[PDB]
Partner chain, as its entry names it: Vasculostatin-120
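Only one chain is included here, represented as C-alpha cells and corresponding to the form solved without its partner chain.
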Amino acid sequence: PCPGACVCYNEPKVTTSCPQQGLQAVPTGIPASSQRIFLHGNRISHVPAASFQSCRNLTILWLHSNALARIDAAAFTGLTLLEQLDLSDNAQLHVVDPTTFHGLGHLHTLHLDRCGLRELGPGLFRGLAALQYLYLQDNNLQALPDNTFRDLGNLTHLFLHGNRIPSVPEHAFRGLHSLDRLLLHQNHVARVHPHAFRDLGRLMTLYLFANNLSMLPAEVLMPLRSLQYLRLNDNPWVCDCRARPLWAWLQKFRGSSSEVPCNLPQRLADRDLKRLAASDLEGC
C-alpha cells in the first residue's frame, strides 16, 4: 500500500517518495520493506519515536526542507543499515539530542546544514565509525568542543563553514586521521591551538579564510603533511615579528595556497605575506 499521494516503486531500490505533498507529519502506512524514503519538501513538524522502526532494510532517508522543530531521540533507533541521513534545510530545528544518532553503525553521510544548530551535544557523533561525509555548515554553532569527532575514523570530508566558531581547541579534531577536506571559512576563528591539526595527517584541503585570525604559528600547519590547498585570505593578518613563523613555513610549502594579505601594518599596503621579503616583518 502507498500511503496516499506518495509514489511507491521497487526498482532499483524499494522506494517510498512523498515530496512536496503538504504532509504535516510522517505518514502512516509506509511499506516495511522500503529502502529509500523521501519526505523532503513537506511541512513535517515532529519526527516521533516510532517513525521508521518497521523498515529494517532502510539505507536512505531524506527529511530536508521541512519544518522540523523537534526530533525525538529514538527517531532513528534500530535503523541499523541506514547509510544516508538528510536533515538539512531545517533552520528551525536548533537542537539535536546527543543520543539521536546512536546505533547507526552504517551511516556514510549525514546532512545537518542550515538546521540552525545552536550547539553540538556531548556524544552526538559517538559510534559513527562508518561516517565519511558530515555537513554542519550554515548553522548557529558557537563552539567546537574537544573530542567531538573522536570516533569518526573514516570521515573524509567535514564542513563547518558558515557558523560562529570563535576558536579551535587542541583535541577538537582528534581522531580524524582520514580527513581529506576541512572547511572552516566564514567563521569567527580568532585563535587556533598550536597542536590542533595533529591527527590531520592526510588532510589535503584547509579553508580558513574569512575568519578573525590575527596571527598563526607555523606549528599548527606542521602536522599537515598531505596539504595541497590552503585558503587564508579575508583575515586581519598582522605582518611583523609575529608572522615570521608562518612566513618561513609559507616559503617552503609545496602546494598551492591563497593570498595572505596583511591588514597591518599601514606601511605594508595590503600586500601578500608569501611575497614579502624577510626584512619587511618587524614590529615577539
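Numbering follows the first chain given and starts at 1. Residues that one form lacks are left out of the comparison. Whichever C-alpha set is largest while still superposing within 1.5 Å between the two forms counts as the rigid core.
Same protein, other form: the form deposited with its partner chain bound, not shown, and the subject of what follows.
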(message) To verify the annotation, which of these, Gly29, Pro236, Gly255, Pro223, has a non-hydrogen atom within 4.5 Å of its partner chain in the entry with it bound?
(response) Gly255
(request) Taking 4.5 Å between heavy atoms as the contact cutoff, choose which of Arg231, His46, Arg36, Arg242 touches its partner chain in the entry with it bound. (result) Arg231
(request) Would you please decide whether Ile71 lies within 4.5 angstroms of its partner chain in the entry with it bound, comparing each non-hydrogen atom pair? (result) no
(message) Just checking whether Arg181 would be counted as a contact of its partner chain in the entry with it bound - the rule being heavy atoms within 4.5 angstroms.
(response) yes
(request) May I ask you to state whether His177 is within 4.5 Å of its partner chain in the entry with it bound, using heavy atom distances? (result) no
(request) Verify the contact flag for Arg114: yes if a non-hydrogen atom of it lies within 4.5 Å of a non-hydrogen atom of its partner chain in the entry with it bound, no if not. (result) yes
(message) Core-aligned, C-alpha shift of at least 2 Å, runs of at least 3 residues: can you list them between this form and the one not shown?
(response) 281-283
